[PDB]
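Undergrad: Here it is, the structure in full.
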Amino acid sequence: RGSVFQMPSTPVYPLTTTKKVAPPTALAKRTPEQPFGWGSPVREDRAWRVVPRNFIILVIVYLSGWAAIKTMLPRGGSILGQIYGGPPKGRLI
Amino acid sequence: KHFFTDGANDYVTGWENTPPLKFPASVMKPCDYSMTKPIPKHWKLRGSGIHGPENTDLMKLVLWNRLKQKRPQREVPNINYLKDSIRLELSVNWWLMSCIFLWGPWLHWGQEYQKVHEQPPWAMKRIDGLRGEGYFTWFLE
Amino acid sequence: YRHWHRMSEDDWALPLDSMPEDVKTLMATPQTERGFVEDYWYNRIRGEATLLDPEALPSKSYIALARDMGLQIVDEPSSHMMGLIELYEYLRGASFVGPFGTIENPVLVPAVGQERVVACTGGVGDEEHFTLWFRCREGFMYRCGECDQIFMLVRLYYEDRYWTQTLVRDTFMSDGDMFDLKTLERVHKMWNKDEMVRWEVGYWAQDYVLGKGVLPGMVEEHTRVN
Amino acid sequence: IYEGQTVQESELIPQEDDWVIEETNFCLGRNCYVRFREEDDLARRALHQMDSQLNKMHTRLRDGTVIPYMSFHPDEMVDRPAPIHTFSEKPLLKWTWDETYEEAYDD
Amino acid sequence: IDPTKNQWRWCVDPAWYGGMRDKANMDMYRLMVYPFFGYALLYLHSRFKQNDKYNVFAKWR
Amino acid sequence: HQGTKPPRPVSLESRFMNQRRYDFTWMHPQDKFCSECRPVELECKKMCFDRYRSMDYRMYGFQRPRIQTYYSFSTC
Amino acid sequence: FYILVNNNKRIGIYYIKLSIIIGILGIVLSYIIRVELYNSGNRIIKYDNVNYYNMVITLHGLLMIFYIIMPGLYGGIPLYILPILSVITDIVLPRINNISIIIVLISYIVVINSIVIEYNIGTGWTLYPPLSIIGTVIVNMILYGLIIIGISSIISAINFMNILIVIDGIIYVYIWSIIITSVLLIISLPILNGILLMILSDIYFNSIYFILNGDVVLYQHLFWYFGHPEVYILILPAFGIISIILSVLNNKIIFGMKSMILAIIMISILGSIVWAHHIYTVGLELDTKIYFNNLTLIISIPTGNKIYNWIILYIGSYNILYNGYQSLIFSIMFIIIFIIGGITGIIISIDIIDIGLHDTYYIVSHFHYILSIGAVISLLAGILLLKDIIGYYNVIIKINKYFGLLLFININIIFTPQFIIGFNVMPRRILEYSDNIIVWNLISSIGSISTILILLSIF
Amino acid sequence: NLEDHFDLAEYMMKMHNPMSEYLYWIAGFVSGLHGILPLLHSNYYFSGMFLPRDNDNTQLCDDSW
Amino acid sequence: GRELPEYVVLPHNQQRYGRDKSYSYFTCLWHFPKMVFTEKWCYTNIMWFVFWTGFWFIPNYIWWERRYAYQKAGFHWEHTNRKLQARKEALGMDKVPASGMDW
Amino acid sequence: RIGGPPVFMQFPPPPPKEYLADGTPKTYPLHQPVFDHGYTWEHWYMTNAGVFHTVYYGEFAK
Ligand SMILES: CCCCCCCCCCCCCCCCCC(=O)OC[C@H](COP(=O)([O-])OCC(O)COP(=O)([O-])OC[C@@H](COC(=O)CCCCCCCCCCCCCCCCC)OC(=O)CCCCCCCCCCCCCCCCC)OC(=O)CCCCCCCCCCCCCCCCC
Ligand SMILES: CCCCCCCCCCCCCCCCCC(=O)OC[C@H](COP(=O)([O-])OCC(O)COP(=O)([O-])OC[C@@H](COC(=O)CCCCCCCCCCCCCCCCC)OC(=O)CCCCCCCCCCCCCCCCC)OC(=O)CCCCCCCCCCCCCCCCC
Ligand SMILES: CCCCCCCCCCCCCCCCCC(=O)OC[C@H](COP(=O)([O-])OCC(O)COP(=O)([O-])OC[C@@H](COC(=O)CCCCCCCCCCCCCCCCC)OC(=O)CCCCCCCCCCCCCCCCC)OC(=O)CCCCCCCCCCCCCCCCC
Ligand SMILES: CCCCCCCCCCCCCCCCCC(=O)OC[C@H](COP(=O)([O-])OCC(O)COP(=O)([O-])OC[C@@H](COC(=O)CCCCCCCCCCCCCCCCC)OC(=O)CCCCCCCCCCCCCCCCC)OC(=O)CCCCCCCCCCCCCCCCC
Ligand code: HEA
Ligand code: HEA
Ligand SMILES: CCCCCCCC/C=C\CCCCCCCC(=O)OC[C@H](COP(=O)(O)OCCN)OC(=O)CCCCCCC/C=C/CCCCCCCC
Ligand SMILES: CCCCCCCC/C=C\CCCCCCCC(=O)O[C@H](COC(=O)CCCCCCC/C=C/CCCCCCCC)COP(=O)(O)OCCN
Ligand SMILES: [O-][O-]
Ligand SMILES: [Cu+2]
Ligand SMILES: [K+]
Ligand SMILES: [Zn+2]
């Protein structure tokens, strides 16, 4: 609902027009096993699984890419150097 | 005003030392009992006598400072207050206008003159054979 | 007070979602057994039921009217306790200035514990001396060694508890006749008909009495997504 | 500058001819290092220390009023040694003025 | 909404309002204490060696 | 204007000009790239990078003509 | 916990504990000096290792000022009693208070580690360039310590200034001393940081501020612009302690409270605009020298008022009260000692007299009487006054007339001869000297070894 | 709790373990060594002797010892 | 809500603790070393601190020693130059393509 | 503020006292030694105990 200071101009409650069965939380009461939150439906906690998974992937990609550059490409002053820092093609040293 | 001051510009809590002038003195008045007439000797002290909420005016000041925080509509200030609230903003905007429409034209003119005559139009021409633009702010020479 | 922050939204009213869902038991609970949220809604439901019944107000005595709204009638004992509470609260962030203390009228030093640190600055003008700090403990009439000002400690204590607004209410307010749920229903039908709900607390309260989600639109009102 | 409280002549007149200044000793007694008992554990030694505070002592006058331990600064008002949380209740600095309001009195 | 159910505000320090998350963050940095000591000790060795301070006796032997 | 800044006369090394007590290495304490060049002396670094490239050590920059790159602000 | 504690009173103890620990290294460095100066010729430092002596004097000066006395007087006692003298419960910024003491320790570890690992060379505690910028990496390490120490000082100054917002009582004289010291730090520290960065720029970034066509005297102005306020930042907290001790132990209201407060304020204002009396011999303009000399003498006027106000506090106190307490003796000793140090300061304020006495041991004795005796004794006196509140034990210092007498006699033996040596003349920052100055240097050396022995008796 | 009333209650109530004091004194002792040990090390490094003999850098009589 | 007795009788009969015995000025010279070498909690902490400080010192030590030797041998471009010169001698060519590039 | 940190709380009672098997009260470490020597002097000093009081502080040789 939100704050108590926001209200409809005309206070009207809709007469239920559908026959949909009431959701369980709409009729739930406080219980000893659920002292709080009984009015809200249960939801999956994706953050507990996605955060550590995504972090590991990024670290693996970050480290693996860094290792590959320093091994496959020739020695250079910086990463950009090792990619584009070579002499022009056909320039013998 | 931008800066917060406990005494005058107290927007964090909204506390005001005195009530609004709208209220009649009978309804509410500033907390001033300096003019209280001498107490008769036969009167006896019941309360603490300590400055605080036992005094009616202070109690009403505390009550109003809490209950004024909800009001149906805005208490519109006059244009003088509104001007003062954004005095810096308006003045900085006019300063930007001055830079574009006053400084810009004559600065452009000076550079064009400098191109042709080797020195800005507001500088004495040299006869010493040194090359280059030279100074810009002539009065600081 | 000056040292309090801005009023919160809850300082004015509570959201209806905080109404206890077991209204039938709420209106039968003694005042001493009601918590802060339970007491708030007991007074609001019972108070607004009497105020939204205009035809009965003129015949209702001020004692009964005050009881229905949950307002405490003032008496010298309750007034004394409340007055010292506000004085203690005011002194939390305000200066301590008053008349010179004497044996007949000692300086009152409110405290919750058995001790509070106090300073004596003497009289006015030339009689004012340097601050002399001392520990004001209960049960002694303290006398400044320099100006001979008399101090005394006043303790906000009552039956293993310290004075509070709720404590004063419980000690002195007496529960009246048990609230009748018929009045709730009668006033509910007065101001709530054919989809118009001008008495919304009663509409929710009546719905809880009938269980939950019985009245029109209440199932949709109680269904939330998160 | 401060030169003591002002005194009027009438205030010096005694009600008896044998009145002399009271000879009450303001030496609180003989003290030394606080001596704990080996049997007392940490909690009970704390109680012992709290019962040896000089700033909780006073001298009772002949009229029942007491002149307490007093100090120029509040540093001498906390328990010795200083506890973790000292001023739970704000110390009150008492000022005096001649202003008064009618609500405080009753006729 | 009940005022007496928020006592964790003053019973618990703000740095640990987050429960296990705040404690875990504190515990993680604790694990780095000895790795830091080895790292810091190496820097002292690096400077000590580069200044030829290990050859104090070999210099005059 | 900066993209086509006119060249200026090479500075004559005066009495107190170009004084050095030690090489420039604060940018690269361990690598010590371009120890003789100043931190933003591009022309000196270009010739220094060329030496490193001629020594089989890659370095990034100073290889594309300014008029053949985007955002140069030097095109006719 | 021990490191996580935010309690200001605990942190105050940590400041006192850390200052004593660092004090041992400072005392060791001081002891190395007087042993070497016992007679002409090398005694404990090889001629081929003269660089070490320059490091000893450089660290002795730095550690004692920034790591020992300043934390003790500005960090230790204030963090313990200042929130108590105010009616408030704890310090305004608790977390900042914790990090400040930790910062001081880390900077100390960096400094001492640099002794062990880096080559040992010295440039004086004033770090005058170009000598400071042509040295080895130990100078770089010392700069990091000072900058790090500067961070702790400024944040601690911010902490004390916030007491004005929350103070629920009267601003006592002691509180004023800390507040004004904080003001001096706020205005002087940023100037110090700026010039120190320039020293780093020359050392580490190939800057040329301190080579030909760059005025080296530029450093002296900016450094001493902070340098002299620093000495006044050290002493002002000591003045606050003396005011409390004298009033409390004599049961006498502080006389001329407002005069005392205004004297502290006046000293800070004057102390911020007299820095160039450290630069008399560099060849400043005639009018410039006259200005600084004239304003430097004016600092005695407010400082004199405080001295006299202190004297009347002790005069007339009850005879029945025992006057042999160590705290009272130290407070009285401070007045006697400070007058000696201040008077010699006025003598060397006259620039023509200073021409002969600059960079001589007369200047050493001048600031030792004020700092090594006066400030230390004030810090000792304050700690002794708060012994019951602090609660430390296992020492015999509260009633020990032998310690007070022996300390006073022996410290005077160390530094009185150094005044005489100044006219002889012996330069400062010197390891060898002519054979005809041995007698006075020998007497001071005997004084130094004696003082160290006395410290062992307190335990 | 009564045990938590006083800061550093064990020390103030005179029950603390003496090891805490020993560490404090040891820490101070180690701080002092930072002035003496590098002196000895530096002397040997530049001279080959831990400490000089008094006036060994000046001309000495034949019988001097 | 917890219920506790006014007192408890311990199972053992040893008076382990009490007033500290009178000591001299140099009592610490033997008592302190005794604690270090005789108290379990003392030398266990010392060994724990020494072992782990040294444990993490090794990997840092190995890395720096290799790095330090490499740096003394020359700059990065000097190391590549020597390989380039070795490659030229192997092929006998005066000029050869750079690493990662073909003829 | 309801529910905030109380301005005053009473100390809970101390933990139960400990007795040995034979009934002797258990002692705890106490750093107040009784030094052994032949000196028995007692020095007393009138000490400031605030502004209006004193205390006769004694130092005992033992
Ligand atoms: C079509 C689509 C196509 C898509 C394509 C997508 C492609 C994606 C590719 C992704 C992969 C990228 C890989 C490269 C990443 C960069 C890595 C790197 O080099 O960074 C540093 C790099 C320079 O390094 P470098 O020269 O390349 O490397 C030299 C080597 O390090 C040489 O080594 P060295 O020995 O000289 O170095 C000294 C050594 C020093 O080493 C030592 O001192 C230690 C040695 C012994 C240790 C042994 C163990 C003992 C115990 C040690 C304890 C230590 C701690 C102690 C306590 C504290 C004190 C130390 O230093 C290190 O070891 C360095 C690392 C240290 C650790 C730092 C922390 C890293 C953590 C990362 C992960 C997070 C945590 C994971 C936790 C996991 C938990 C499950 O610097 C910069 O990057 C500077 C520029 C700033 C960033 C610029 C970003 C630009 C982004 C461009 C975006 C383009 C967008 C285009 C859009 C176009 C749209 C059209
Ligand atoms: C030639 C062409 C080129 C020209 C170039 C010019 C370059 C100027 C560079 C300036 C850089 C920017 C600085 C300001 C940035 C913020 C601007 C801003 O927001 O303005 C609008 C805004 C207007 O406020 P408002 O409330 O809307 O006012 C409405 C109306 O204007 C009516 O307002 P109202 O009159 O009703 O009063 C309300 C308002 C009025 O205040 C303002 O509005 C302030 C406006 C200042 C603007 C800047 C003008 C230049 C100031 C020069 C000051 C020189 C100090 C002395 C130096 C001596 C050197 C030897 O009050 C406050 O806001 C209070 C602020 C807190 C003040 C704290 C002062 C601490 C220092 C006190 C003196 C210490 C020395 C004592 C010596 C004696 C000892 C016995 O200003 C603020 O709110 C700013 C306040 C926060 C920043 C304060 C910074 C204080 C710094 C203190 C330094 C102390 C150093 C001491 C040692 C020095 C020697 C060693
Ligand atoms: C037969 C021969 C005949 C020969 C005939 C010859 C004829 C000769 C004619 C000569 C005429 C001379 C006239 C003299 C009398 C003048 C009388 C007069 O009106 O005086 C007052 C008049 C104005 O004063 P006023 O009455 O006080 O102003 C009224 C205000 O409204 C007061 O109200 P307010 O205080 O409320 O004002 C607003 C205020 C309200 O304040 C607030 O809201 C509160 C907060 C204030 C503090 C602000 C803190 C900082 C704010 C941060 C924001 C910054 C934004 C910009 C950021 C920029 C980033 C790059 O806020 C501001 O104003 C400040 C904020 C606005 C933006 C600030 C921008 C930065 C300013 C600082 C830098 C300035 C230098 C820039 C240089 C260029 C760029 C580098 O003064 C002048 O105009 C100055 C006199 C100039 C004399 C020049 C004489 C030499 C030139 C002679 C030329 C002709 C010679 C030709 C040859 C002849 C040969 C024969
Ligand atoms: C200027 C001087 C003259 C001043 C005169 C004026 C003085 C006036 C009075 C001033 C009073 C100020 C206020 C005082 C308030 C005191 C409050 C208090 O007591 O608080 C309680 C506080 C703690 O008591 P608590 O509450 O029971 O704490 C329980 C613990 O938290 C928990 O218990 P726990 O057992 O679990 O504890 C953990 C324990 C765990 O314990 C153990 O495991 C111990 C194991 C035994 C280790 C023993 C050391 C072994 C050393 C071996 C060395 C081998 C060398 C081989 C050489 C070979 C050469 C060939 O420790 C640790 O785990 C960490 C220890 C870290 C700190 C110690 C660091 C030591 C130095 C390390 C140096 C490293 C150098 C590396 C350099 C490398 C460079 C590359 O007390 C202390 O901390 C002791 C304070 C003692 C002084 C009190 C004041 C007395 C009056 C002053 C006396 C004079 C002092 C003179 C200075 C010292 C001279 C040397
Ligand atoms: C706490 C430290 C401290 C304090 C308080 C002072 C206080 C003063 N100092 Fe000091 N000073 C130092 C620390 C201190 N100084 C240090 C460390 C150096 C050397 C830095 C270095 O080179 O490394 C130094 C150096 C120094 C120099 C020489 C700088 C140089 O060329 O090298 C001078 C010159 O005038 C000086 C003057 C003064 C004066 C005039 C005061 C005044 O505040 C003293 C005023 C006090 C009195 C005068 C006594 C009390 C008053 C009266 C008894 C009555 C009135 C008296 C008269 C009117 C004469 N000081
Ligand atoms: C606070 C600062 C301080 C303190 C205490 C001291 C104390 C002492 N100092 Fe000094 N000294 C300086 C600051 C200090 N010094 C400075 C800034 C220089 C100039 C540096 C330079 O040349 O660049 C200097 C220079 C200096 C020199 C000149 C070096 C040279 O030019 O060659 C000498 C020579 O003997 C010397 C000796 C001493 C002696 C013998 C003591 C002491 O032994 C005197 C007696 C003191 C004790 C016996 C110890 C007492 C205990 C404490 C001081 C710690 C107390 C701690 C707490 C209470 C927490 N000092
Ligand atoms: C994802 C990547 C994002 C990157 C981009 C966004 C982030 C940018 C962050 C801010 C960058 C600010 C850089 C500030 C330093 C600029 C350096 C610079 O320009 O210096 C050169 C400039 C002028 O030099 P010349 O070349 O001679 O000019 C001639 C003109 N042709 O000034 C200088 O030389 C002075 C250099 C001062 C550098 C100070 C920067 C701090 C460096 C600290 C190093 C400390 C190392 C020691 C160990 C401690 C480590 C903390
Ligand atoms: C929005 C806030 C802005 C605040 C800005 C504040 C700016 C100032 C901050 C402090 C720095 C002051 C500038 C430094 C001045 C140095 C001048 C100097 O060294 O010059 C002397 C000469 O200087 C003098 O004569 C000394 C004058 C003293 C200047 C002091 C200025 C700063 C004073 C700050 C004190 C604190 C504030 C007091 C406020 C009022 C108190 C009532 C050198 O002379 P010679 O080498 O012989 O050369 C002469 C020609 N060859
Ligand atoms: O510095 O005096
Ligand atoms: Cu100075
Ligand atoms: K010598
Ligand atoms: Zn009084």
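Letters A, B, ... go to the chains of the structure tokens in the order shown; residues in each chain start at 1; ligands are counted from 1 in the same order.
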Counting only C-alpha atoms and all ligand atoms, what are the residues, protein, DNA or RNA alike, that approach ligand 9 to within 9 Å? I want them as an NGL selection string.
TA: :G and (224 or 227-232 or 271 or 275 or 277-278 or 345 or 366-367)
Undergrad: Got a sec: who's within 12 Å of stretch 392-402 of chain G, counting only C-alpha atoms, leaving out chain neighbours fewer than 6 positions off, as a VMD selection string?
TA: (chain D and resid 33 to 34 80 to 82) or (chain G and resid 13 16 to 17 322 to 330 380 to 386 408 to 410 454 to 459) or (chain H and resid 7 to 14 18 21) or (chain I and resid 25) or (chain J and resid 31 to 33 43 to 45 47 57 to 59)
Undergrad: Show me which residues line ligand 11, defined as having an atom within 9 Å of a ligand atom where only C-alpha atoms and all ligand atoms count, and present them as a PyMOL selection string.
TA: (chain G and resi 34-45+430-433) or (chain H and resi 54-55)
Undergrad: Restrict the selected residues to C-alpha atoms and save them as a compact mmCIF listing (two decimals), in the first residue's frame.
TA:
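Below is the file result_0.txt, written as the result:
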# COMPACT_ATOMS: atom_id res chain seq x y z
CA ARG G 34 76.12 12.23 24.72
CA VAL G 35 78.37 9.17 24.88
CA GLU G 36 80.00 10.23 21.62
CA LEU G 37 80.36 13.83 22.82
CA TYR G 38 82.09 12.78 26.05
CA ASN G 39 85.48 13.79 24.64
CA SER G 40 87.19 14.60 21.37
CA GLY G 41 87.83 11.60 19.15
CA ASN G 42 85.57 8.72 18.23
CA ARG G 43 84.10 6.74 21.13
CA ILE G 44 81.28 4.52 19.83
CA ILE G 45 80.94 5.70 16.21
CA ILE G 430 78.69 17.96 15.21
CA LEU G 431 80.47 14.77 16.30
CA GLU G 432 84.06 15.96 16.78
CA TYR G 433 85.07 19.22 18.43
CA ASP H 54 88.68 5.48 22.25
CA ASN H 55 90.73 8.00 20.23
Undergrad: For each of E:54, E:37, E:60, E:8, take the minimum atom-to-atom distance to chain J, counting only C-alpha atoms, then give the residue where this is smallest.
TA: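 Between E:54, E:37, E:60, E:8, the residue approaching chain J most closely is E:8.
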Undergrad: Neighbours of ligand 7 at 7 Å or closer, counting only C-alpha atoms and all ligand atoms: which residues, as number ranges by chain?
TA: F: 26-27, 38-41; G: 205
Undergrad: If the limit is 7 Å from any atom of ligand 6, counting only C-alpha atoms and all ligand atoms, which residues qualify? Return them as a count of residues only.
TA: 40
Undergrad: Please provide as a list in words all residues within 12 Å of residue E:58, with the sequence filter that same-chain residues fewer than 4 positions apart are discarded (counting only C-alpha atoms).
TA: residues 52, 53 and 54 of chain E; 44, 45 and 48 of chain H
Undergrad: Distance limit 6 Å, reference ligand 1, atoms considered: only C-alpha atoms and all ligand atoms. Which residues make the cut? Give them as a list in words.
TA: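 Answer in the requested format: residues 56, 59, 61, 62, 65, 66, 78 and 79 of chain A; 32, 35, 36 and 39 of chain E; 56, 59, 60 and 63 of chain I.
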Undergrad: Take the residues from that selection and put them in a file with N, CA and C atoms, as a PDB file, in the first residue's frame.
TA:
ATOM      1  N   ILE A  56      32.990 -16.168  -9.751  1.00  0.00           N
ATOM      2  CA  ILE A  56      34.005 -17.147 -10.120  1.00  0.00           C
ATOM      3  C   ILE A  56      34.265 -17.104 -11.617  1.00  0.00           C
ATOM      4  N   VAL A  59      36.345 -14.032 -12.574  1.00  0.00           N
ATOM      5  CA  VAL A  59      37.726 -14.182 -12.130  1.00  0.00           C
ATOM      6  C   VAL A  59      38.464 -15.170 -13.017  1.00  0.00           C
ATOM      7  N   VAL A  61      37.792 -15.994 -16.159  1.00  0.00           N
ATOM      8  CA  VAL A  61      38.015 -15.362 -17.455  1.00  0.00           C
ATOM      9  C   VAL A  61      39.087 -14.288 -17.343  1.00  0.00           C
ATOM     10  N   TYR A  62      39.030 -13.484 -16.284  1.00  0.00           N
ATOM     11  CA  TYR A  62      40.009 -12.418 -16.110  1.00  0.00           C
ATOM     12  C   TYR A  62      41.418 -12.983 -15.986  1.00  0.00           C
ATOM     13  N   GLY A  65      42.495 -15.085 -19.289  1.00  0.00           N
ATOM     14  CA  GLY A  65      42.868 -14.206 -20.382  1.00  0.00           C
ATOM     15  C   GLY A  65      44.202 -13.527 -20.144  1.00  0.00           C
ATOM     16  N   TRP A  66      44.445 -13.086 -18.910  1.00  0.00           N
ATOM     17  CA  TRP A  66      45.723 -12.461 -18.592  1.00  0.00           C
ATOM     18  C   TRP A  66      46.872 -13.440 -18.783  1.00  0.00           C
ATOM     19  N   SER A  78      53.468  -3.683 -22.482  1.00  0.00           N
ATOM     20  CA  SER A  78      52.135  -3.719 -21.905  1.00  0.00           C
ATOM     21  C   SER A  78      51.289  -4.683 -22.720  1.00  0.00           C
ATOM     22  N   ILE A  79      50.060  -4.906 -22.260  1.00  0.00           N
ATOM     23  CA  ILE A  79      49.154  -5.788 -22.985  1.00  0.00           C
ATOM     24  C   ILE A  79      48.874  -5.229 -24.373  1.00  0.00           C
TER      25      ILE A  79
ATOM     26  N   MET E  32      44.151 -12.927   6.040  1.00  0.00           N
ATOM     27  CA  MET E  32      45.262 -12.360   5.295  1.00  0.00           C
ATOM     28  C   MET E  32      46.361 -11.813   6.191  1.00  0.00           C
ATOM     29  N   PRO E  35      49.728 -13.963   5.594  1.00  0.00           N
ATOM     30  CA  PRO E  35      50.215 -13.665   4.241  1.00  0.00           C
ATOM     31  C   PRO E  35      50.791 -12.268   4.129  1.00  0.00           C
ATOM     32  N   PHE E  36      50.188 -11.295   4.812  1.00  0.00           N
ATOM     33  CA  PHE E  36      50.732  -9.945   4.804  1.00  0.00           C
ATOM     34  C   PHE E  36      52.086  -9.885   5.499  1.00  0.00           C
ATOM     35  N   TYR E  39      54.683 -11.157   3.231  1.00  0.00           N
ATOM     36  CA  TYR E  39      54.901 -10.180   2.173  1.00  0.00           C
ATOM     37  C   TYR E  39      55.703  -8.992   2.686  1.00  0.00           C
TER      38      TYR E  39
ATOM     39  N   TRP I  56      54.417 -18.184   4.686  1.00  0.00           N
ATOM     40  CA  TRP I  56      54.082 -17.274   3.602  1.00  0.00           C
ATOM     41  C   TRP I  56      55.268 -16.439   3.148  1.00  0.00           C
ATOM     42  N   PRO I  59      57.071 -18.419  -0.410  1.00  0.00           N
ATOM     43  CA  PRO I  59      56.620 -18.141  -1.782  1.00  0.00           C
ATOM     44  C   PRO I  59      56.962 -16.740  -2.251  1.00  0.00           C
ATOM     45  N   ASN I  60      56.852 -15.743  -1.375  1.00  0.00           N
ATOM     46  CA  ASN I  60      57.297 -14.403  -1.732  1.00  0.00           C
ATOM     47  C   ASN I  60      58.804 -14.366  -1.946  1.00  0.00           C
ATOM     48  N   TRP I  63      59.734 -15.945  -5.358  1.00  0.00           N
ATOM     49  CA  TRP I  63      59.367 -15.095  -6.483  1.00  0.00           C
ATOM     50  C   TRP I  63      60.327 -13.923  -6.626  1.00  0.00           C
TER      51      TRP I  63
END
Undergrad: Give me, as a PDB file with C-alpha atoms, in the first residue's frame, the set of residues whose atoms come within 6 Å of any atom of ligand 8, counting only C-alpha atoms and all ligand atoms.
TA:
ATOM      1  CA  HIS G 221      59.859  29.689   4.622  1.00  0.00           C
ATOM      2  CA  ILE G 269      47.858  34.313  16.378  1.00  0.00           C
ATOM      3  CA  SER G 272      51.600  31.899  13.159  1.00  0.00           C
ATOM      4  CA  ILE G 273      53.380  35.046  11.931  1.00  0.00           C
ATOM      5  CA  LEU G 284      66.732  38.502   4.580  1.00  0.00           C
ATOM      6  CA  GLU G 285      65.854  42.120   3.865  1.00  0.00           C
ATOM      7  CA  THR G 288      61.822  41.907   7.036  1.00  0.00           C
TER       8      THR G 288
END
Undergrad: Within 10 Å of ligand 2, counting only C-alpha atoms and all ligand atoms: which residues, as JSON, numbers by chain?
TA: {"B": [1, 2, 3, 4, 5, 8, 9, 84, 85, 86, 87, 88, 89], "G": [183, 184, 186, 187, 188, 190, 191, 225, 262, 265, 266, 268, 269, 272, 273]}
Undergrad: Please find the residues of chain C near chain D - the criterion being any atom within 6 Å, counting only C-alpha atoms - and write them as a short mmCIF file (atom, residue, chain, number, x, y, z; two decimals) with C-alpha atoms, in the first residue's frame.
TA:
data_model
loop_
_atom_site.label_atom_id
_atom_site.label_comp_id
_atom_site.auth_asym_id
_atom_site.auth_seq_id
_atom_site.Cartn_x
_atom_site.Cartn_y
_atom_site.Cartn_z
CA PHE C 96 19.39 23.73 33.59
CA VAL C 97 18.46 27.19 34.90
CA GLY C 98 16.06 28.02 37.70
CA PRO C 99 15.58 29.71 41.07
CA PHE C 100 18.13 29.47 43.85
CA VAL C 117 26.34 14.42 38.51
CA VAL C 118 25.42 18.05 39.20
CA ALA C 119 27.28 21.36 39.24
CA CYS C 120 26.59 24.38 41.42
CA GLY C 123 23.64 32.72 42.71
CA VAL C 124 23.15 35.53 40.21
CA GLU C 127 27.06 35.54 43.83
CA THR C 131 31.45 25.36 38.82
CA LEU C 132 31.57 22.90 41.73
CA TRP C 133 30.72 19.39 40.57
CA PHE C 134 29.35 16.76 42.94
CA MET C 141 19.94 16.85 51.16
CA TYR C 142 23.05 18.23 49.48
CA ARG C 143 24.45 21.61 50.51
CA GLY C 145 30.07 24.14 50.45
#
Undergrad: Give the alpha helix (DSSP H) residues of stretch 55-151 of chain C, as DSSP finds them on the backbone, and put them as a PyMOL selection string.
TA: chain C and resi 62-69+76-92
Undergrad: Quick one: contact table of chain E to ligand 4, 9 Å max, nearest atom pair and distance in Å to one decimal per residue, counting only C-alpha atoms and all ligand atoms, chain and number order, as CSV?
TA:
residue,atom,partner,partner_atom_place_in_ligand_line,distance
E:41,CA,ligand 4,80 (C),7.0
E:44,CA,ligand 4,80 (C),6.6
E:45,CA,ligand 4,80 (C),8.3
Undergrad: Only C-alpha atoms, please: the residues just picked out, written as an mmCIF file, in the first residue's frame.
TA:
data_model
loop_
_atom_site.group_PDB
_atom_site.id
_atom_site.type_symbol
_atom_site.label_atom_id
_atom_site.label_comp_id
_atom_site.auth_asym_id
_atom_site.auth_seq_id
_atom_site.Cartn_x
_atom_site.Cartn_y
_atom_site.Cartn_z
ATOM 1 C CA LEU E 41 59.001 -9.357 5.709
ATOM 2 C CA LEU E 44 62.611 -5.819 4.350
ATOM 3 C CA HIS E 45 64.765 -8.661 3.037
#
